[PDB]
Every structure is written in C-alpha cells, then in structure tokens.
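A.B. asks: Just dropping this structure here.
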C-alpha cells in the first residue's frame with residue numbers, strides 16, 4: 001500500500017494464468033495436440049479381460 | 001500301469017478329471033505377451049527446477 | 001555472521017535458461033545460465049567476504 005493510499009496488486013506487476021507445470025514437451029497426434037496414458041497391467045491379471 | 005487295461009472306467013475318470021482341471025485352469029490363468037524377463041530395476045527421479 | 005556468510009557464498013544457485021519453454025516464436029537461442037557454484041579449495045573459502 002503506497003503513501004498515496006492506492007493498492008498495488010499482483011495483477012499490476014504480473015500476468016496470472018492457468019498454465020502448465022512443465023512446458024518442456026510438445027506432444028502431437030497427427031499434427032493435433034494430444035495427451036496419452038500407458039497402462040502397465042498387474043501381476044496375475046488377464047490381458048484380454050483387462 | 002498295466003492294470004488300467006482291465007479298468008476302462010478308471011482311465012475314463014482320470015481323463016475326465018484332466019479335462020475338467022484344464023478347463024478350470026484356462027478359466028483362471030494369467031495371460032500376457034511375455035513374462036518378466038528383464039531383471040528388476042528401480043528408478044529414482046528428482047527434479048531441480050532451473 | 002561467519003556461518004551466514006558461508007551459507008550465502010557457498011551455494012548452488014540455479015540460474016535457469018536463456019531461451020526456455022514457453023519461449024517466443026522464431027526463437028533461435030537456448031543456453032543454460034551459470035550464476036554461482038559451490039567452492040572447491042580452501043583458498044576460495046578464505047576469500048569469502050564478511051563485511
């Protein structure tokens with residue numbers, strides 16, 4: 001809070017945005033943005049039924 | 001042994017037991033492309049941003 | 001004071017990267033920034049500035 005009385009906010013000194021934790025990977029699927037998951041199965045499980 | 005010749009019903013019962021056991025095993029037997037071939041490995045990952 | 005100065009001047013400051021994700025378009029430079037490293041010899045330790 002300045003001597004004038006104005007309030008300094010975070011938005012006044014920075015840009016706040018819902019971004020990513022890690023920006024160091026560009027994943028594309030046929031040229032489109034994508035995200036994947038790998039399922040690693042269990043021990044004693046049926047691969048077909050799973 | 002040789003005495004199974006005189007007891008056909010015993011041989012048939014043993015064959016039926018084998019067939020039932022094989023069916024029950026097939027019903028609940030894990031399937032996979034390959035078993036565990038690689039030696040066990042443990043990965044330790046740490047992150048130091050910047 | 002000596003302990004604090006040693007803790008300050010014997011650190012592993014992580015500088016970051018000159019050109020890093022998210023980077024601007026048509027960006028053609030990528031480097032790692034070195035700011036400070038841990039001291040290695042008693043001569044370097046003896047040169048730590050106290051006041």
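Throughout, read-outs are computed from the coordinates displayed, never taken from laboratory work. Cβ: placed from backbone, ideal geometry, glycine included. Neighbour counts: every protein chain shown.
A.B. asks: Would you pick out the residues in chain A that are at the interface with another protein chain (Cβ under 8 Å from one of its Cβ atoms) and surrounded by 10 or more Cβ atoms within 10 Å (Cβ to Cβ)?
C.D. replies: A:23, A:41, A:45, A:46, A:47
A.B. asks: Of the residues B:34, B:48, only one is over 30 Å from residue C:21 (Cα atoms) and either assigned to a loop (DSSP other than H, G, I, E, B) or within 14 Å of chain C (Cβ to nearest Cβ) (or both); which?
C.D. replies: B:34
A.B. asks: Under 6 Å by Cβ, and 6 or more places apart or on different chains, what pairs join a residue from segment A:15-27 that is without any contact (Cβ under 8 Å) to a residue 24 or more places away in the chain with one that is assigned to a loop (DSSP other than H, G, I, E, B) and surrounded by 10 or more Cβ atoms within 10 Å (Cβ to Cβ)?
C.D. replies: So the pair list comes out as A:23/C:21; A:24/C:21.
A.B. asks: Now a separate question. State all residues of segment C:9-25 that are under 16 Å from residue A:26 (Cβ atoms) and surrounded by fewer than 10 Cβ atoms within 10 Å (Cβ to Cβ); if no residue qualifies, say none.
C.D. replies: C:22, C:24, C:25 - these are the residues of segment C:9-25 that are under 16 Å from residue A:26 (Cβ atoms) and surrounded by fewer than 10 Cβ atoms within 10 Å (Cβ to Cβ).
A.B. asks: I need the full set of residues from segment B:8-27 which are out of contact with any helix residue (DSSP H, G or I) (no Cβ under 9 Å at 6 or more places or on another chain), surrounded by 10 or more Cβ atoms within 10 Å (Cβ to Cβ) and more than 30 Å from residue A:50 (Cα to Cα), in order please.
C.D. replies: Within segment B:8-27, B:12, B:13, B:15, B:16 meet the criteria.
A.B. asks: Keeping to segment C:20-37, report how many residues are assigned to a loop (DSSP other than H, G, I, E, B) and within 12 Å of another protein chain (Cβ to nearest Cβ).
C.D. replies: The number of residues fulfilling the criteria is 6.
A.B. asks: Let me ask something additional. Going residue by residue through segment B:28-38, is there one that turns out to be out of contact with any helix residue (DSSP H, G or I) (no Cβ under 7 Å at 6 or more places or on another chain) and closer than 30 Å to residue A:22 by Cβ?
C.D. replies: Yes, segment B:28-38 contains a residue that is out of contact with any helix residue (DSSP H, G or I) (no Cβ under 7 Å at 6 or more places or on another chain) and closer than 30 Å to residue A:22 by Cβ.
A.B. asks: Also, I was wondering about something else. Filtering segment A:8-30 down to residues that are farther than 24 Å from residue C:19 by Cα and part of a loop (DSSP other than H, G, I, E, B), which residue is nearest to the chain's Cα centre (by Cα)?
C.D. replies: A:30
A.B. asks: Which condition number does residue C:35 fail, the rest of (1) over 29 Å from residue A:17 (Cβ atoms); (2) surrounded by 10 or more Cβ atoms within 10 Å (Cβ to Cβ) being met?
C.D. replies: Among (1) over 29 Å from residue A:17 (Cβ atoms); (2) surrounded by 10 or more Cβ atoms within 10 Å (Cβ to Cβ), the lone unmet condition for residue C:35 is (1).
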